[PDB]
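A.B. asks: First the structure, which I've put down as structure tokens, then a few questions once you've had a look.
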Amino acid sequence: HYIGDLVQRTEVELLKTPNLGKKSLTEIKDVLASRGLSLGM
Amino acid sequence: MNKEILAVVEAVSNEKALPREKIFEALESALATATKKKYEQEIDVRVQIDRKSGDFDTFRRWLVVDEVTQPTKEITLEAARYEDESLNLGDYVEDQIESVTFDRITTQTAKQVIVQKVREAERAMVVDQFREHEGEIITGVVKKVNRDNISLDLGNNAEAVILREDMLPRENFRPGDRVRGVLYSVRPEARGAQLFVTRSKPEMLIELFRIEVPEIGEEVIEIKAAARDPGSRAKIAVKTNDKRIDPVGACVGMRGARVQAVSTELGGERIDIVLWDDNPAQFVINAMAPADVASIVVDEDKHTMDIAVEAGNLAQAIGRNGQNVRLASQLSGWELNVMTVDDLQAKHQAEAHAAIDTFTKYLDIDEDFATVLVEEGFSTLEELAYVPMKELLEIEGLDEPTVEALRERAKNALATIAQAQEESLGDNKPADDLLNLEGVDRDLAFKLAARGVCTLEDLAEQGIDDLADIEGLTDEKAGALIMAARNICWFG
Amino acid sequence: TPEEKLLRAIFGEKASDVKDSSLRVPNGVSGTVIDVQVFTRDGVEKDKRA
């Protein structure tokens with residue numbers, strides 16, 4: 001629900017989620033990077 | 001007091017099939033625990049009850065061990081042997097200790113330990129002791145009626161349960177009513193009801209017949225099968241080895257008196273009694289009673305039987321809501337298709353025409369030769385491909401070269417279907433592509449490829465949402481296959 | 001639940017199925033016990049405090 005929940009998940013965990021493609025994972029990284037955040041903090 | 005102690009211990013043993021020794025060992029452990037609770041410092045206690053007087057001595061037990069971890073409860077073998085040279089590892093050293101006064105506290109501790117073997121375990125013990133009742137028709141008194149189950153009292157602190165599915169659909173029991181039922185399962189719920197009793201299952205019918213028909217109890221007549229629609233209708237199949245005894249007549253009894261006693265106990269359930277035959281077709285004819293069967297066709301490969309009846313008997317053969325055919329099918333173990341003589345002939349003509357069309361299309365034979373193959377009993381391309389060459393050579397007009405050519409054509413017709421299964425579907429070519437994703441058969445690979453997912457890479461690029469409309473693919477199975485595809489494509 | 005018929009082996013007496021309960025007193029007042037009188041009808045065993 002929150003950005004703080006998303007930032008704790010690893011890239012390998014997000015790829016296990018249902019309806020989660022490589023394209024949507026790249027979108028999430030690019031958007032988090034635009035805000036100075038990274039996956040796995 | 002002295003004799004009263006021993007008499008009480010004997011009464012516990014009698015209450016729920018226990019032992020005087022097992023009751024005393026447990027009272028000793030109970031008293032040791034009660035003395036250890038009173039003792040502020042946690043120290044091992046050993047109580048010994050004299051079996052003649054009921055007097056008891058309490059010790060400070062010292063578990064003789066090799067290495068002492070708990071100096072308050074353990075003593076070394078060397079130190080134990082200094083007091084008594086006869087002691088071994090695992091024995092107890094004692095110490096003169098004041099026995100706990102038997103107040104209502106110790107009384108509550110010891111009587112509960114005795115109740116753990118003569119109230120909760122008494123339920124299980126009584127069920128086991130009644131080895132006949134466990135399996136046959138036990139009799140209980142209704143103690144409590146709930147929405148989902150009935151609790152029965154069997155006596156001796158044994159409680160049984162009838163579940164809602166284990167009752168007949170029209171039975172209404174009240175507290176205090178006597179109920180018979182088969183003990184079909186003994187579990188381990190000593191506290192409560194470990195015994196499960198049924199009135200709905202077929203075993204209730206079998207055991208009622210065993211009690212009502214002496215010839216079944218004497219093993220002169222055997223019940224081979226029983227099929228049951230509880231509180232409505234049942235069928236039983238009976239056999240005898242004695243040619244002097246009619247097994248159906250014995251189970252019916254004088255003017256139906258025996259079968260009517262069983263029916264009355266089952267709330268007016270209609271019972272058909274049929275002769276068991278070792279021929280499946282003759283046994284199914286008997287099972288279809290009271291409907292007259294005109295012909296039977298047996299399909300051994302599908303384990304099915306087509307039953308032709310006269311148009312006037314069709315409604316009787318099916319029965320109310322299919323009850324007669326269903327009970328006959330459950331009794332025989334065969335799937336039973338009931339139709340008219342005219343419908344059976346129309347079905348056989350349609351099957352013969354479909355076989356002729358199949359053979360003409362795939363074997364490149366004329367309709368006359370395809371008709372001869374169907375008249376000789378060949379219905380499938382598999383039969384023609386795999387049947388022994390001798391059976392095909394018994395057909396008038398077939399020579400060894402023509403049989404070999406027919407078999408080669410039949411195998412090639414199947415190889416053309418296997419080529420589609422390999423590529424178009426996914427049994428070889430697309431098995432390492434559209435079906436590479438773990439959890440996808442040849443059918444699923446062709447369903448994926450119909451959506452444009454032709455490769456293992458195409459599947460790795462999908463979302464669960466893109467595959468959600470594929471018939472037979474759950475979101476979990478889609479997610480597993482996409483992850484398997486990604487593991488191979490992106491992490492291999 | 002603890003069958004008090006096996007009492008003869010442990011407690012003794014006969015059957016302690018009777019509700020065991022000690023007459024305890026109610027609330028509302030504090031105090032300090034200053035004087036205790038014990039009167040005994042003659043024939044009854046005097047206990048140690050009497």
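Chain lettering (A, B, ...) mirrors the order of the structure tokens, residue numbering begins at 1 for each chain separately, and ligand numbering begins at 1 in order of display.
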Using backbone DSSP assignments, extract all alpha helix (DSSP H) residues from region 178-303 of chain B; output them as a PyMOL selection string.
C.D. replies: chain B and resi 202-212+214-217+247-252+257-265+280-287
A.B. asks: Dump as a ChimeraX atom specification the residues of chain B that approach chain C to within 6 Å, counting only C-alpha atoms.
C.D. replies: /B:4-5,8,102-103,107-108,111-112,115
A.B. asks: Which residues are near residue 28 (chain A)? Cut-off 12 Å, only C-alpha atoms, ignore same chain within fewer than 3 positions. Put them as a list in words.
C.D. replies: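 Selected residues are residues 3, 6, 7, 9, 10, 11, 14, 15, 20, 21, 22, 23, 24, 25, 31, 32, 33, 34, 35, 37, 38 and 39 of chain A.
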A.B. asks: Using C-alpha atoms, can you export the residues from the last selection as a compact mmCIF listing (two decimals), in the first residue's frame?
C.D. replies:
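Result file follows (part-v6.txt):
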```txt
# COMPACT_ATOMS: atom_id res chain seq x y z
CA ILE A 3 6.10 3.47 -0.80
CA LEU A 6 7.61 -1.29 -1.84
CA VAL A 7 11.18 -0.12 -1.02
CA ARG A 9 10.88 -5.72 -1.27
CA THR A 10 13.73 -7.10 -3.37
CA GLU A 11 13.62 -7.28 -7.20
CA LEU A 14 8.58 -8.57 -6.98
CA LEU A 15 9.21 -10.94 -9.96
CA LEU A 20 4.26 -8.81 -12.76
CA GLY A 21 6.31 -8.70 -15.99
CA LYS A 22 9.91 -7.55 -16.69
CA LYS A 23 8.48 -4.32 -18.26
CA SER A 24 6.44 -3.39 -15.12
CA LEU A 25 9.52 -4.09 -12.94
CA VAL A 31 9.98 5.72 -11.02
CA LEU A 32 11.67 4.87 -7.66
CA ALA A 33 15.02 6.11 -9.06
CA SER A 34 13.34 9.43 -10.11
CA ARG A 35 12.51 9.91 -6.36
CA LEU A 37 14.65 5.47 -3.76
CA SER A 38 15.92 1.93 -4.52
CA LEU A 39 14.42 -1.55 -4.05
```
A.B. asks: For chain B, list the residues within 12 Å of chain A, counting only C-alpha atoms, and write the list as a PDB file with N, CA and C atoms, in the first residue's frame.
C.D. replies:
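Once everything was written out, this is selection-v3.pdb:
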```
ATOM      1  N   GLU B 457      10.286 -17.797 -24.129  1.00  0.00           N
ATOM      2  CA  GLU B 457      10.479 -16.345 -23.965  1.00  0.00           C
ATOM      3  C   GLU B 457       9.144 -15.587 -23.989  1.00  0.00           C
ATOM      4  N   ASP B 458       8.248 -15.902 -24.929  1.00  0.00           N
ATOM      5  CA  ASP B 458       6.931 -15.256 -24.993  1.00  0.00           C
ATOM      6  C   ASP B 458       6.150 -15.462 -23.688  1.00  0.00           C
ATOM      7  N   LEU B 459       6.247 -16.659 -23.083  1.00  0.00           N
ATOM      8  CA  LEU B 459       5.605 -16.977 -21.806  1.00  0.00           C
ATOM      9  C   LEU B 459       6.260 -16.229 -20.634  1.00  0.00           C
ATOM     10  N   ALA B 460       7.585 -16.076 -20.645  1.00  0.00           N
ATOM     11  CA  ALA B 460       8.318 -15.325 -19.624  1.00  0.00           C
ATOM     12  C   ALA B 460       7.953 -13.824 -19.622  1.00  0.00           C
ATOM     13  N   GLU B 461       7.553 -13.277 -20.769  1.00  0.00           N
ATOM     14  CA  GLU B 461       7.119 -11.885 -20.907  1.00  0.00           C
ATOM     15  C   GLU B 461       5.665 -11.631 -20.478  1.00  0.00           C
ATOM     16  N   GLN B 462       4.828 -12.668 -20.342  1.00  0.00           N
ATOM     17  CA  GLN B 462       3.424 -12.496 -19.950  1.00  0.00           C
ATOM     18  C   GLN B 462       3.246 -12.088 -18.477  1.00  0.00           C
ATOM     19  N   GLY B 463       2.149 -11.385 -18.202  1.00  0.00           N
ATOM     20  CA  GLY B 463       1.560 -11.257 -16.872  1.00  0.00           C
ATOM     21  C   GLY B 463       0.536 -12.363 -16.593  1.00  0.00           C
ATOM     22  N   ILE B 464       0.191 -12.560 -15.314  1.00  0.00           N
ATOM     23  CA  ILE B 464      -0.900 -13.477 -14.916  1.00  0.00           C
ATOM     24  C   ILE B 464      -2.219 -13.031 -15.571  1.00  0.00           C
ATOM     25  N   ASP B 465      -2.452 -11.713 -15.619  1.00  0.00           N
ATOM     26  CA  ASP B 465      -3.644 -11.105 -16.219  1.00  0.00           C
ATOM     27  C   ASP B 465      -3.792 -11.430 -17.724  1.00  0.00           C
ATOM     28  N   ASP B 466      -2.683 -11.609 -18.453  1.00  0.00           N
ATOM     29  CA  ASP B 466      -2.714 -11.891 -19.899  1.00  0.00           C
ATOM     30  C   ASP B 466      -3.160 -13.337 -20.204  1.00  0.00           C
ATOM     31  N   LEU B 467      -3.002 -14.234 -19.223  1.00  0.00           N
ATOM     32  CA  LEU B 467      -3.302 -15.663 -19.321  1.00  0.00           C
ATOM     33  C   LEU B 467      -4.575 -16.089 -18.570  1.00  0.00           C
ATOM     34  N   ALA B 468      -5.211 -15.177 -17.824  1.00  0.00           N
ATOM     35  CA  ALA B 468      -6.333 -15.480 -16.927  1.00  0.00           C
ATOM     36  C   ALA B 468      -7.564 -16.097 -17.627  1.00  0.00           C
ATOM     37  N   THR B 474      -5.385 -21.750 -13.717  1.00  0.00           N
ATOM     38  CA  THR B 474      -5.633 -20.900 -12.538  1.00  0.00           C
ATOM     39  C   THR B 474      -4.540 -19.839 -12.403  1.00  0.00           C
ATOM     40  N   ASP B 475      -4.832 -18.704 -11.763  1.00  0.00           N
ATOM     41  CA  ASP B 475      -3.851 -17.630 -11.510  1.00  0.00           C
ATOM     42  C   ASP B 475      -2.560 -18.143 -10.851  1.00  0.00           C
ATOM     43  N   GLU B 476      -2.682 -19.096  -9.919  1.00  0.00           N
ATOM     44  CA  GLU B 476      -1.542 -19.731  -9.255  1.00  0.00           C
ATOM     45  C   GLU B 476      -0.698 -20.562 -10.232  1.00  0.00           C
ATOM     46  N   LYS B 477      -1.357 -21.333 -11.102  1.00  0.00           N
ATOM     47  CA  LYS B 477      -0.697 -22.180 -12.095  1.00  0.00           C
ATOM     48  C   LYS B 477      -0.060 -21.325 -13.199  1.00  0.00           C
ATOM     49  N   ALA B 478      -0.737 -20.263 -13.644  1.00  0.00           N
ATOM     50  CA  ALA B 478      -0.191 -19.248 -14.547  1.00  0.00           C
ATOM     51  C   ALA B 478       1.067 -18.604 -13.949  1.00  0.00           C
ATOM     52  N   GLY B 479       0.993 -18.156 -12.689  1.00  0.00           N
ATOM     53  CA  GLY B 479       2.127 -17.565 -11.984  1.00  0.00           C
ATOM     54  C   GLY B 479       3.316 -18.519 -11.856  1.00  0.00           C
ATOM     55  N   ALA B 480       3.064 -19.796 -11.551  1.00  0.00           N
ATOM     56  CA  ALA B 480       4.104 -20.814 -11.470  1.00  0.00           C
ATOM     57  C   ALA B 480       4.791 -21.060 -12.823  1.00  0.00           C
ATOM     58  N   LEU B 481       4.020 -21.160 -13.910  1.00  0.00           N
ATOM     59  CA  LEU B 481       4.546 -21.375 -15.259  1.00  0.00           C
ATOM     60  C   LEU B 481       5.354 -20.174 -15.765  1.00  0.00           C
ATOM     61  N   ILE B 482       4.867 -18.946 -15.561  1.00  0.00           N
ATOM     62  CA  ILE B 482       5.601 -17.720 -15.919  1.00  0.00           C
ATOM     63  C   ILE B 482       6.921 -17.653 -15.145  1.00  0.00           C
ATOM     64  N   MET B 483       6.914 -17.979 -13.850  1.00  0.00           N
ATOM     65  CA  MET B 483       8.136 -17.993 -13.041  1.00  0.00           C
ATOM     66  C   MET B 483       9.114 -19.090 -13.469  1.00  0.00           C
ATOM     67  N   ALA B 484       8.618 -20.277 -13.826  1.00  0.00           N
ATOM     68  CA  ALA B 484       9.444 -21.349 -14.370  1.00  0.00           C
ATOM     69  C   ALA B 484      10.081 -20.929 -15.707  1.00  0.00           C
ATOM     70  N   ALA B 485       9.299 -20.303 -16.595  1.00  0.00           N
ATOM     71  CA  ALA B 485       9.789 -19.775 -17.865  1.00  0.00           C
ATOM     72  C   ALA B 485      10.861 -18.690 -17.658  1.00  0.00           C
ATOM     73  N   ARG B 486      10.621 -17.732 -16.752  1.00  0.00           N
ATOM     74  CA  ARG B 486      11.605 -16.694 -16.383  1.00  0.00           C
ATOM     75  C   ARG B 486      12.880 -17.274 -15.784  1.00  0.00           C
ATOM     76  N   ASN B 487      12.775 -18.287 -14.928  1.00  0.00           N
ATOM     77  CA  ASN B 487      13.943 -18.952 -14.346  1.00  0.00           C
ATOM     78  C   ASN B 487      14.841 -19.579 -15.416  1.00  0.00           C
ATOM     79  N   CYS B 489      14.732 -18.743 -18.967  1.00  0.00           N
ATOM     80  CA  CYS B 489      15.141 -17.713 -19.936  1.00  0.00           C
ATOM     81  C   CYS B 489      16.089 -16.656 -19.363  1.00  0.00           C
ATOM     82  N   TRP B 490      15.846 -16.189 -18.135  1.00  0.00           N
ATOM     83  CA  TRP B 490      16.540 -15.015 -17.590  1.00  0.00           C
ATOM     84  C   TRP B 490      17.602 -15.363 -16.547  1.00  0.00           C
ATOM     85  N   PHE B 491      17.542 -16.566 -15.972  1.00  0.00           N
ATOM     86  CA  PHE B 491      18.440 -16.993 -14.897  1.00  0.00           C
ATOM     87  C   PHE B 491      19.148 -18.334 -15.178  1.00  0.00           C
TER      88      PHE B 491
END
```
A.B. asks: Env of residue 297 (chain B): 9 Å cut, atoms = only C-alpha atoms, seq-sep filter 6 positions within chain, self excluded. Answer as a list in words.
C.D. replies: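 Using only C-alpha atoms, the neighbours found are residues 281, 304, 305, 306, 307 and 308 of chain B.
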A.B. asks: May I have the selected residues written with C-alpha atoms, as an mmCIF file, in the first residue's frame?
C.D. replies:
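Below is the file that was written, again-v3.cif:
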```
data_model
loop_
_atom_site.group_PDB
_atom_site.id
_atom_site.type_symbol
_atom_site.label_atom_id
_atom_site.label_comp_id
_atom_site.auth_asym_id
_atom_site.auth_seq_id
_atom_site.Cartn_x
_atom_site.Cartn_y
_atom_site.Cartn_z
ATOM 1 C CA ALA B 281 -23.707 -59.125 -17.819
ATOM 2 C CA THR B 304 -19.365 -49.264 -19.464
ATOM 3 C CA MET B 305 -22.511 -51.274 -20.312
ATOM 4 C CA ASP B 306 -25.356 -50.240 -22.617
ATOM 5 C CA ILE B 307 -28.650 -51.723 -21.370
ATOM 6 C CA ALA B 308 -31.532 -51.959 -23.841
#
```
A.B. asks: Env of residue 217 (chain B): 12 Å cut, atoms = only C-alpha atoms, seq-sep filter 4 positions within chain, self excluded. Answer as an NGL selection string.
C.D. replies: :B and (136 or 206-213 or 221-223 or 251)
A.B. asks: Quick one: residues within 7 Å of residue 325 (chain B), only C-alpha atoms counted, chain neighbours fewer than 6 positions away excluded, as a list in words?
C.D. replies: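 Those residues are residues 288, 317, 318, 319 and 336 of chain B.
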A.B. asks: Please produce an output containing N, CA and C atoms for each residue in the selection, written as a PDB file, in the first residue's frame.
C.D. replies:
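Saved as part30.pdb:
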```
ATOM      1  N   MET B 288     -30.576 -54.792 -12.188  1.00  0.00           N
ATOM      2  CA  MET B 288     -31.599 -53.943 -12.809  1.00  0.00           C
ATOM      3  C   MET B 288     -33.035 -54.270 -12.381  1.00  0.00           C
ATOM      4  N   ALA B 317     -36.597 -48.974 -15.382  1.00  0.00           N
ATOM      5  CA  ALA B 317     -35.170 -49.248 -15.456  1.00  0.00           C
ATOM      6  C   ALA B 317     -34.325 -48.070 -14.944  1.00  0.00           C
ATOM      7  N   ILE B 318     -34.670 -46.841 -15.346  1.00  0.00           N
ATOM      8  CA  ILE B 318     -34.040 -45.616 -14.828  1.00  0.00           C
ATOM      9  C   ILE B 318     -34.417 -45.413 -13.351  1.00  0.00           C
ATOM     10  N   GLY B 319     -35.703 -45.575 -13.025  1.00  0.00           N
ATOM     11  CA  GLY B 319     -36.249 -45.321 -11.696  1.00  0.00           C
ATOM     12  C   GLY B 319     -36.436 -43.830 -11.393  1.00  0.00           C
ATOM     13  N   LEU B 336     -23.573 -47.657 -16.258  1.00  0.00           N
ATOM     14  CA  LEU B 336     -24.732 -48.271 -16.909  1.00  0.00           C
ATOM     15  C   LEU B 336     -25.543 -47.231 -17.685  1.00  0.00           C
TER      16      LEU B 336
END
```
